[PDB]
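In what follows, a structure is listed as C-alpha cells, so that the remarks can point back to it.
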Amino acid sequence: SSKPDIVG
Amino acid sequence: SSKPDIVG
Amino acid sequence: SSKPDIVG
Amino acid sequence: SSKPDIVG
Amino acid sequence: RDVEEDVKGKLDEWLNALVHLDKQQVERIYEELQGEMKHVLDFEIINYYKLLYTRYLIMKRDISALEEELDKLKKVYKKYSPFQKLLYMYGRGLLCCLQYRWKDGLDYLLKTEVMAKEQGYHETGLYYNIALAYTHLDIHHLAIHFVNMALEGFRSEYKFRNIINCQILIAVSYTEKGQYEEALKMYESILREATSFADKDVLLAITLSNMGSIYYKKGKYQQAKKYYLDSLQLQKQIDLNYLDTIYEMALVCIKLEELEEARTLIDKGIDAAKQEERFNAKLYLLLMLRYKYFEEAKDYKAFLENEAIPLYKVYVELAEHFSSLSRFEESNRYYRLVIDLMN
Amino acid sequence: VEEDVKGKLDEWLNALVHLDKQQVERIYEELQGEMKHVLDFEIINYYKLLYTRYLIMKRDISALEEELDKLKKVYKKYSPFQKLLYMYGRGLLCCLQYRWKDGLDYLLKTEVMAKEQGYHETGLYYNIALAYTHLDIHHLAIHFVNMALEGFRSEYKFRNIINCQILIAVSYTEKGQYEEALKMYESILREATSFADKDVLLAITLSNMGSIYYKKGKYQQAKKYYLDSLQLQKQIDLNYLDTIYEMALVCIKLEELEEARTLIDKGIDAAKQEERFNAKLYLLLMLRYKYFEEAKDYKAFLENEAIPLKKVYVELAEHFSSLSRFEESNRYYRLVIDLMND
Amino acid sequence: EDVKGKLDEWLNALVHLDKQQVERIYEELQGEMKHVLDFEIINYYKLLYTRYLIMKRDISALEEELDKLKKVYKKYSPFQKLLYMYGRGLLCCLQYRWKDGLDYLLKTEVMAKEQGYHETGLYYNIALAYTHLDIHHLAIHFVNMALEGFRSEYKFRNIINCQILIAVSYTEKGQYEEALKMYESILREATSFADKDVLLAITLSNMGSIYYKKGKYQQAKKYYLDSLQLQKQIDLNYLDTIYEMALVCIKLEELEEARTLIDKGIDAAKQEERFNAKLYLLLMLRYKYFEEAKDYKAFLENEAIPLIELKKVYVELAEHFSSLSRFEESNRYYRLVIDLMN
Amino acid sequence: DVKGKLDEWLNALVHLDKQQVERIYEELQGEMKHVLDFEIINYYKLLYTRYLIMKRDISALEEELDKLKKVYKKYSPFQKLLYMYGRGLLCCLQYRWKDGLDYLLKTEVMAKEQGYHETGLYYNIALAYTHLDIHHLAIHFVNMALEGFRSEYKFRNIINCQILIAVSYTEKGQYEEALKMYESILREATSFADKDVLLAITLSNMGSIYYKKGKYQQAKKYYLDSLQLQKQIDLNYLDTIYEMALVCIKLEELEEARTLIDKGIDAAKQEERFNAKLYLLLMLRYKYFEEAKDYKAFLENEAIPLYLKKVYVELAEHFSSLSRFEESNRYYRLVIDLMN
C-alpha cells in the first residue's frame with residue numbers, strides 16, 4: 001500500500 | 001444494459 | 001498514384 | 001552527428 | 001503426398017478468412033474444400049476441417065448443429081493437437097456464449113486464453129469475447145483490461161467495426177460503476193461516428209438504449225423514454241438487448257406513475273421470453289418484477305427463492321428488508337451472503 | 001445582436017467540428033433566416049467564413065473563389081480567427097483546383113496561425129498532409145498523419161483513420177519497399193466493406209495497389225487491379241486520370257501497344273475538359289509526342305520545360321543530352337539539386 | 001515589462017520541475033522585483049513563489065502564503081485563480097487531505113478546461129489523489145491521460161510512477177499476477193534512474209503486500225525487509241510498510257516484534273500530525289490484537305467523527321462482531337454499509 | 001534442468017542485468033563441466049557470445065564467432081538465429097553497419113519465421129539505418145522499437161529512440177521540432193545514472209543543427225560543453241571533433257581547426273575501427289590545408305570506404321564547377337544513377 005510522490 | 005454481439 | 005479526398 | 005549505442 | 005500440405009494450406013486460408021470474417025472468402029473456400037475433402041484420409045486434416053466448420057457454423061448462428069458437432073468432437077478430443085484443443089475450447093466457449101451462459105463461456109474462453117498463450121498464438125477477437133462476457137457478468141475491471149488488450153490489437157490491423165464495440169463496452173464500464181457524463185460523451189462520439197458504417201441501426205439501438213439507462217439512473221425519466229423508444233424503433237429483430245430494453249422502459253414507466261401501461265409491455269416481454277430457452281435470465285427477471293408489483297404477498301418470497309435457485313444478487317437485501325417486518329435474527333445471514341458475493 | 005446568435009454556437013460549433021450533417025443542416029437554414037438581424041462586422045465575416053466550408057463540402061468552386069476575392073479586400077483589419085479561417089479556406093480552395101503548392105505555402109501559415117492561436121484542427125493536419133502527399137513522398141505528411149491519428153482515435157474518426165492509413169500507405173509505396181503498403185491495402189480492402197461509403201475506398205486502394213504491381217513487375221497482374229478500379233470509378237477526379245494513365249503505362253510497357261493508343265486518346269479527351277487535369281494532360285501528352293513523332297520530341301519540352309508548376313523529365317531530357325549540349329544540361333542540375341537540398 | 005517574461009520563464013522552469021534554473025531565476029528575479037507596482041504582476045509572482053514553495057515542501061509557509069493570497073482573490077486574473085486553486089490543492093496533498101486536495105484539483109481541472117491551459121502534472125496529481133482515495137476507476141482513467149501527456153513530454157520518471165499507480169490499482173482490484181509482471185519490469189528498469197531507491201522501496205513494499213494477500217507470508221516479510229533496507233525517509237509509505245510488516249508478522253503468530261513495529265509506527269506518527277489518520281489505523285490494529293478489550297468500540301464512535309471504504313471495513317468489522325452477539329446493531333451497521341457504499 | 005538455467009541466463013542477457021549475468025556466468029564456469037550434450041554446449045557458446053557483446057570484447061568476440069562458424073550447419077534454428085545476431089552485433093561494434101544491417105535483417109526474418117521477438121533487434125536495425133544516414137526505415141523501425149520498449153518499460157532505450165528519430169529529423173528539416181525534442185531530452189536526461197553520455201551526444205547534435213541554422217556562436221558553446229562531459233573515445237567523439245572543426249573553419253579561426261583535425265586524425269589512427277571516421281577527417285584537411293592537390297591521390301584510398309556518399313560525389317564535382325567537360329557530366333550520371 002505504497003504510493004509515489006506528487007508532481008510539484 | 002445493451003452489449004454488442006460476439007465475433008463470428 | 002491515387003489519393004483520398006480532403007476533409008469537408 | 002553523434003549517435004547512441006548498440007543494445008547489449 | 002504433396003497434396004497434404006496443399007489441402008492444409010487451403011485450410012489455413014479458410015482459418016485466415018474465418019479470423020478476418022471475410023464471408024466472401026469464407027464461403028468461397030468453404031465450397032472449394034467441402035467437395036475436395038472427399039479424398040482426405042489423414043486424421044489431422046479431417047479434424048482441422050471439422051473444427052473450422054464449427055466456427056463456420058458459428059457464423060451461421062446455428063447453435064443446435066454447433067452443439068451436436070461439438071458433442072461429436074468431444075469423443076475424439078483426446079487425440080487432438082494442442083491447437084486443435086484450442087479451437088475446440090474456443091468453439092465450446094462461443095457455444096456457451098450463444099446460449100447466454102456467460103459463466104461457462106468465460107471458463108472455456110479463459111482456458112482458450114491460456115492455451116493460446118502457451119502456443120504463442122494470438123487472436124485479437126478472443127480478448128474481445130472474454131471482455132464481452134465480463135461486461136455481461138455485472139461490469140468487471142477485467143472487462144476494461146480485456147477491452148484494452150483487444151483495442152491494442154484491433155488498431156494494429158484496422159478492424160474499426162470491432163473498435164467501436166470495444167468503445168461501447170468502455171462506455172458501459174464508465175456507466176455502471178462510475179459517473180455518466182464521460183460515458184455520455186463516449187456515446188455521443190459513437191453516435192456521431194456510427195453513421196459511416198453499413199450497420200448503423202444496431203449500434204444506434206444499443207447506444208440509445210444504454211444512454212436511456214444512463215438517464216434513468218441519472219434522472220429525468222421523461223428524457224429517458226424518448227431514447228428508449230428511439231432505440232426500440234431501430235431494434236427490429238428480437239434478442240437479449242430487446243428484452244432488456246423493454247425491462248428498462250418498464251422500469252422507467254413504473255416510476256413515471258404510468259403503471260399498468262408498463263405492465264402490458266412487461267407482458268410483451270414475458271411471452272417473448274418464453275420462446276427461447278436462452279432468455280431465461282431475462283424471463284424470470286421480468287417475472288420477478290411482476291410478482292413484485294401486482295402480487296405483493298408472502299408468495300413473493302417463495303417465487304424469488306425459486307428464482308434464487310438457478311440464478312447463481314439484488315434479491316438478498318430486498319428479502320432482508322422484507323424480513324424487517326417479522327423476526328430479526330435470521331436476517332444478517334443474507335447480508336453475509338452479500339459479503340460472500342463481495343468476496 | 002446582443003442575445004444568443006453565437007450563444008447557441010456552443011452546440012452548433014460541435015456540429016461544425018464533428019461533421020454531424022444532421023444538426024448542421026438543422027441550424028443552417030435557421031441561421032439563414034436568423035442572420036438578417038445582425039449589422040455587426042465580426043458576426044457576418046466568419047459566418048461567411050463558415051459559408052466557405054459550407055460550400056466546399058457542397059463543391060461549388062466558383063462561388064468559393066469569388067467569395068475568397070470578396071473576403072480578401074477586408075481581410076486586413078479583422079480578424080485573427082477570421083484570418084485563420086481565410087488562410088485555411090484559400091488553402092483548401094486552392095488545393096481543389098490542383099495548385100497544391102500555392103495551397104501548401106499558405107496552409108503552413110495556416111498551421112502556424114492555428115498553432116499560435118491554440119486552437120486544434122485535426123482536419124488541418126489531415127489536409128496539409130494530403131497536400132504533402134500530392135506533392136510527393138513528404139515526411140511531414142507522415143508526421144502530420146500521426147499528429148492527426150493520435151487525435152482521431154480519441155475522436156473515434158475511424159473513417160478518417162483509414163484515410164490516414166491510406167496516406168501512410170502511398171507514402172511507403174512511393175518511397176520504397178511496397179510490401180508494407182501491400183499488406184496495409186490487403187487489410188483496408190477487407191476492412192473497407194464495413195463502411196457505407198466503401199466504393200471510393202475500394203476504388204482508390206485498388207488503384208494504388210494496381211500501381212504497386214507496375215513497379216513490382218509482370219504488369220498483367222496489375223491489369224486486373226486497374227480493371228477493377230476503373231469499374232468502380234463513379235464520377236470525375238484526378239485519380240481516375242491517374243488510373244487510366246498508369247493502365248496506359250502497363251500497356252506500353254507490355255507487348256501490346258494497340259490498346260494503349262485508345263487509352264491515351266481517352267486520357268487526352270477526358271483531361272482537356274476542365275482545369276484540374278492540367279499536369280496530367282501534359283504528362284499524358286508527353287510520351288505521345290516523345291516516342292511517336294521523334295522529330296517533334298524536343299519541341300514539346302521546349303514549350304513546357306518551364307511549365308511543370310522534377311527528376312524524371314530533367315533526367316530523360318538529359319539522358320542522351322549527356323552526350324549533346326553539355327553547356328545546357330550540366331548547369332540545369334542546379335535547381336534540381338537545390339530543391340532537394342533546401 | 002521584462003519582469004513579466006522572466007516570470008513566464010520562471011513558470012516554464014517550475015512546470016518542468018527543473019532545480020537549478022528555478023533557484024537561479026527565483027533569486028535573480030527576487031533581486032529584480034524591487035520595483036513592485038503592478039498588482040497583477042506582483043500576485044502572479046506570489047503564485048509562482050507559491051509553486052516554488054511547494055517545490056521545497058515547506059507546508060507551513062505554503063499555508064500562510066496561501067492565506068495571504070486568499071485575502072485578495074477577488075481581483076485575480078483567471079490564470080491566477082487557476083494557480084491559486086492548484087496551490088491549495090497541492091497544499092492539501094502535502095497535509096495528506098486527499099479529499100479536499102481532490103476537490104481543489106478538480107476545480108483546477110475545470111478552470112484548465114475553461115482557459116485552455118494544459119499541464120500533465122495536474123492529471124497525474126488527480127490520479128494519485130484518487131489512488132489514495134481508494135482504487136477509483138477515475139484513477140486509471142486519469143493516469144491514462146497522464147501517460148498520454150508524459151509520453152509526449154518525455155517525462156519517463158513520471159511515467160514509471162504512473163505505472164506504479166496502475167500497478168497498485170490492479171493490485172487492490174484483484175489481478176495479482178499482472179501486477180507482479182508489471183512490478184518486476186519496474187524493478188528491472190528502475191536501476192537506470194538516479195533515484196532508484198525510492199522506486200525500489202515502494203515496489204518491494206507493494207510486492208510484499210501482494211504476496212501477503214496470496215498467502216505467501218514468507219516472501220512478504222522478505223520484500224518488506226528489503227524495502228526498509230532501501231527506504232530513507234519518514235513518509236506515509238514508511239508507516240504503511242511498517243503496518244504491512246506488522247500484519248505479516250502477526251500472521252506468523254510472532255510476539256512482541258509486531259508490537260515493537262506498531263509502536264515504532266505509533267511514535268513516528270505521533271510526531272508530525274499529518275500521520276494521525278494512518279496513526280489511528282495502526283493503533284486501532286493494536287487495540288484489536290493486544291489489549292483484548294472492546295474499549296476501541298467507544299473510540300470507534302470517536303473515529304466515526306473525522307470520517308473512504310476503510311470506514312465500511314470498520315463498521316462491518318463491528319457488524320461481524322455484533323453478529324456473534326447482538327443482532328440489531330449489526331443489522332443497522334451493514335444496512336448503512338451496503339446502502340451507502342452503492 | 002541446466003537448460004532452464006541457460007534460458008535464465010539468456011533472459012539475463014536480454015535485460016542486461018549485469019551483476020546477475022556475471023554471477024550466473026560464474027556459476028556456469030563450474031556448471032558446464034559435466035554435460036556433453038552438444039546442443040547445450042553450443043547454446044552456452046552462443047550465450048557466451050552474447051556475454052562477449054555485453055563486455056565489449058571485440059577480438060575475443062570475432063575469434064569465438066569464427067570458431068563457431070565451422071559448426072553452424074549443426075545448429076538449431078534458434079542457435080542459427082543467435083549466430084546471425086551475434087555476428088551482426090560483432091560487425092556493428094566494428095563500425096561496419098553494412099554487414100551489420102545484413103545480418104540484422106536476416107536475423108529479423110529468422111525471428112519472424114521462428115516466432116521470436118526482441119525489441120532490441122528492431123532498435124539495432126533502426127540504429128543501423130541511422131548510421132547509414134537519412135532513412136525513412138530508421139523511423140519505421142524506431143517506431144516498432146518504440147512500441148516494444150514502451151511495452152517493456154525500457155525507458156532508457158526509449159530515450160535513445162527519441163534521439164534516433166530526432167537525428168533522422170535533423171538531416172532534413174524540422175530544426176524547430178528537433179530543437180524542441182532535444183531540449184526536452186536535456187531536462188529529462190538528468191533523472192538517469194548515465195547522464196553524461198546523453199548530454200554529450202545531444203549537445204553535439206543540437207550544436208550541429210545550431211551550426212546548420214547559421215547560429216554558430218552557440219554551436220561552439222554546445223560543442224565545448226559536449227567535449228567537457230565526454231570520458232571516452234568512440235565514433236561520436238571523433239564525430240563531434242569533426243563538427244567542432246567545421247564550426248571552427250567556418251568561423252575563420254583556423255588554428256583551433258588545424259589542432260582539432262590533427263588531433264582527430266592522430267586519435268583515429270590507433271583503432272582500426274575508427275578508420276571509417278578517419279578517412280573523412282583527412283578530407284576536411286584537403287579542403288583547407290594541402291589545397292588544390294590532385295584529389296585522386298587521397299581519393300584512390302577513399303574509393304573503397306565509399307562502398308552522404310552522393311554529397312561526396314557531388315562535392316567532387318562542386319569543386320570542379322570551373323572546369324570541363326565530360327568528367328563532370330559523367331560524375332553527374334554516376335550520382336544520378338546511384339540516387340535510386
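Following the order of the C-alpha cells, first chain is A, next is B, and so on, with residues numbered from 1 inside each chain and ligands from 1 in the order they appear.
Every protein or nucleic acid residue with an atom no more than 10 Å from residue C:5, counting only C-alpha atoms and leaving out same-chain residues fewer than 3 positions away, appears here: residues 2 and 8 of chain C; 96, 127, 130, 163, 200, 204, 237 and 239 of chain F.
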Query raised in the report: If you count only C-alpha atoms, which residues fall within 12 Å of residue C:1, apart from same-chain ones fewer than 3 positions away, as a count of residues only?
Result: 38
**Report entry** Distance of atom CA of residue H:19 from atom CA of residue H:54, expressed in Å to one decimal place
**Finding:** 11.8 Å
Report task. Mind the document's chain letters and residue numbers, and return as a PyMOL selection string the residues of stretch 43-211 of chain F that DSSP labels alpha helix (DSSP H). Result -> chain F and resi 43-56+61-72+80-96+100-117+122-134+139-155+158-175+179-191+198-211
Query - Residues of chain E within 9 Å of chain B, only C-alpha atoms counted, as an MDAnalysis selection string - result: chainID E and resid 18:19 21 55:56 58:61 94 97:98 125:126 128:129 132 135:136 162 165:166 168:169 172 176 202:203 205:207 209:210 213 240:242 244:245 248
N, CA, C and O atoms of the current selection, written as a compact mmCIF listing (two decimals), in the first residue's frame:
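Written file, out_35.txt:
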# COMPACT_ATOMS: atom_id res chain seq x y z
N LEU E 18 -11.75 -16.97 -41.67
CA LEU E 18 -12.65 -17.05 -40.53
C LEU E 18 -12.26 -16.06 -39.44
O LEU E 18 -13.12 -15.54 -38.73
N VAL E 19 -10.96 -15.81 -39.30
CA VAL E 19 -10.47 -14.85 -38.32
C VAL E 19 -10.82 -13.42 -38.73
O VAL E 19 -11.28 -12.62 -37.92
N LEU E 21 -13.11 -12.76 -40.78
CA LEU E 21 -14.55 -12.80 -41.07
C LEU E 21 -14.90 -12.38 -42.50
O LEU E 21 -15.98 -11.87 -42.75
N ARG E 55 -16.61 -23.12 -36.41
CA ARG E 55 -16.57 -21.66 -36.45
C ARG E 55 -17.42 -21.14 -37.60
O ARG E 55 -18.08 -20.10 -37.49
N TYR E 56 -17.39 -21.87 -38.72
CA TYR E 56 -18.25 -21.55 -39.85
C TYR E 56 -19.71 -21.68 -39.45
O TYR E 56 -20.58 -20.97 -39.95
N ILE E 58 -20.67 -21.18 -36.39
CA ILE E 58 -20.87 -20.03 -35.50
C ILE E 58 -21.25 -18.82 -36.33
O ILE E 58 -22.09 -18.01 -35.92
N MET E 59 -20.64 -18.69 -37.51
CA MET E 59 -21.00 -17.63 -38.45
C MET E 59 -22.48 -17.69 -38.83
O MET E 59 -23.12 -16.66 -39.05
N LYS E 60 -23.01 -18.90 -38.92
CA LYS E 60 -24.41 -19.10 -39.31
C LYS E 60 -25.35 -19.02 -38.11
O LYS E 60 -26.57 -19.04 -38.27
N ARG E 61 -24.77 -18.94 -36.92
CA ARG E 61 -25.53 -18.87 -35.67
C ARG E 61 -26.47 -20.05 -35.48
O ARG E 61 -27.57 -19.91 -34.93
N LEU E 94 -17.70 -20.01 -27.41
CA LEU E 94 -18.68 -19.23 -28.17
C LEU E 94 -20.04 -19.92 -28.18
O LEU E 94 -21.07 -19.25 -28.26
N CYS E 97 -21.55 -18.97 -25.01
CA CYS E 97 -21.88 -17.55 -25.08
C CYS E 97 -23.15 -17.31 -25.89
O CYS E 97 -23.90 -16.37 -25.62
N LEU E 98 -23.38 -18.16 -26.89
CA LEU E 98 -24.58 -18.05 -27.71
C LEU E 98 -25.81 -18.54 -26.95
O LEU E 98 -26.94 -18.13 -27.24
N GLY E 125 -9.72 -11.12 -31.43
CA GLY E 125 -11.14 -11.25 -31.12
C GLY E 125 -11.42 -11.99 -29.83
O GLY E 125 -12.47 -11.79 -29.21
N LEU E 126 -10.49 -12.85 -29.43
CA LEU E 126 -10.64 -13.63 -28.21
C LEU E 126 -10.76 -12.73 -26.98
O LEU E 126 -11.65 -12.91 -26.15
N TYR E 128 -11.69 -9.69 -26.96
CA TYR E 128 -12.97 -9.01 -27.07
C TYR E 128 -14.12 -9.87 -26.56
O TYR E 128 -15.03 -9.38 -25.90
N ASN E 129 -14.07 -11.17 -26.86
CA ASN E 129 -15.09 -12.10 -26.40
C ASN E 129 -15.09 -12.24 -24.88
O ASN E 129 -16.13 -12.15 -24.23
N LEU E 132 -16.39 -9.19 -23.35
CA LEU E 132 -17.84 -9.13 -23.53
C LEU E 132 -18.53 -9.96 -22.45
O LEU E 132 -19.53 -9.53 -21.87
N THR E 135 -18.36 -8.06 -19.23
CA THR E 135 -19.36 -6.99 -19.19
C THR E 135 -20.74 -7.56 -18.92
O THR E 135 -21.55 -6.95 -18.22
N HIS E 136 -21.01 -8.74 -19.47
CA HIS E 136 -22.27 -9.43 -19.20
C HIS E 136 -22.35 -9.88 -17.74
O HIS E 136 -23.44 -10.04 -17.20
N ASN E 162 -14.95 -3.41 -34.93
CA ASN E 162 -14.82 -4.05 -33.62
C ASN E 162 -14.42 -3.01 -32.58
O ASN E 162 -14.87 -3.07 -31.43
N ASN E 165 -17.31 -1.28 -30.98
CA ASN E 165 -17.94 -2.14 -29.99
C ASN E 165 -17.15 -2.14 -28.69
O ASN E 165 -17.72 -2.14 -27.59
N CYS E 166 -15.83 -2.15 -28.81
CA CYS E 166 -14.95 -2.05 -27.65
C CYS E 166 -15.22 -0.74 -26.92
O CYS E 166 -15.28 -0.71 -25.69
N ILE E 168 -17.99 0.87 -26.96
CA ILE E 168 -19.29 0.72 -26.32
C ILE E 168 -19.13 0.02 -24.97
O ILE E 168 -19.71 0.45 -23.97
N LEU E 169 -18.32 -1.03 -24.95
CA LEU E 169 -18.04 -1.75 -23.71
C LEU E 169 -17.38 -0.84 -22.67
O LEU E 169 -17.67 -0.93 -21.48
N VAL E 172 -20.03 1.48 -21.27
CA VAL E 172 -20.80 0.77 -20.25
C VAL E 172 -19.99 0.68 -18.97
O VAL E 172 -20.53 0.80 -17.86
N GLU E 176 -21.93 1.92 -15.53
CA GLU E 176 -22.49 1.23 -14.38
C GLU E 176 -21.79 1.50 -13.05
O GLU E 176 -22.45 1.72 -12.03
N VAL E 202 -28.01 -1.16 -35.52
CA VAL E 202 -27.69 -1.94 -34.32
C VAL E 202 -26.91 -1.11 -33.31
O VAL E 202 -27.25 -1.07 -32.12
N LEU E 203 -25.86 -0.43 -33.78
CA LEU E 203 -25.05 0.44 -32.94
C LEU E 203 -25.89 1.55 -32.33
O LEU E 203 -25.76 1.87 -31.15
N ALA E 205 -29.15 1.51 -31.84
CA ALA E 205 -30.11 0.92 -30.91
C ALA E 205 -29.46 0.66 -29.56
O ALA E 205 -29.97 1.08 -28.51
N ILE E 206 -28.32 -0.03 -29.59
CA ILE E 206 -27.56 -0.33 -28.38
C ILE E 206 -27.19 0.96 -27.64
O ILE E 206 -27.43 1.09 -26.44
N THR E 207 -26.61 1.90 -28.38
CA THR E 207 -26.18 3.18 -27.83
C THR E 207 -27.34 3.92 -27.18
O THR E 207 -27.24 4.34 -26.03
N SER E 209 -30.21 2.80 -26.16
CA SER E 209 -30.70 2.06 -25.00
C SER E 209 -29.84 2.33 -23.78
O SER E 209 -30.34 2.68 -22.70
N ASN E 210 -28.53 2.19 -23.95
CA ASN E 210 -27.58 2.43 -22.86
C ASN E 210 -27.63 3.87 -22.35
O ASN E 210 -27.47 4.11 -21.15
N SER E 213 -30.61 4.17 -20.18
CA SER E 213 -30.28 3.68 -18.84
C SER E 213 -29.48 4.73 -18.07
O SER E 213 -29.71 4.95 -16.88
N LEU E 240 -31.58 -10.38 -26.79
CA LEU E 240 -31.43 -10.10 -25.37
C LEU E 240 -31.55 -8.61 -25.08
O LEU E 240 -32.21 -8.19 -24.13
N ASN E 241 -30.90 -7.80 -25.92
CA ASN E 241 -30.92 -6.35 -25.78
C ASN E 241 -32.32 -5.77 -25.87
O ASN E 241 -32.62 -4.75 -25.25
N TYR E 242 -33.18 -6.43 -26.64
CA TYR E 242 -34.57 -6.01 -26.78
C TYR E 242 -35.34 -6.22 -25.48
O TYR E 242 -35.99 -5.30 -24.98
N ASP E 244 -34.11 -6.63 -22.53
CA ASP E 244 -33.54 -5.75 -21.53
C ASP E 244 -34.02 -4.32 -21.72
O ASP E 244 -34.22 -3.58 -20.75
N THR E 245 -34.22 -3.93 -22.98
CA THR E 245 -34.69 -2.58 -23.29
C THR E 245 -36.12 -2.37 -22.82
O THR E 245 -36.45 -1.32 -22.26
N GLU E 248 -36.12 -2.11 -19.13
CA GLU E 248 -35.66 -0.78 -18.72
C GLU E 248 -36.76 0.26 -18.88
O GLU E 248 -36.98 1.08 -17.99
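The shortest atom-to-atom distance to residue F:303, with only C-alpha atoms taken into account, belongs to F:282 out of F:282, F:17, F:219, F:91.
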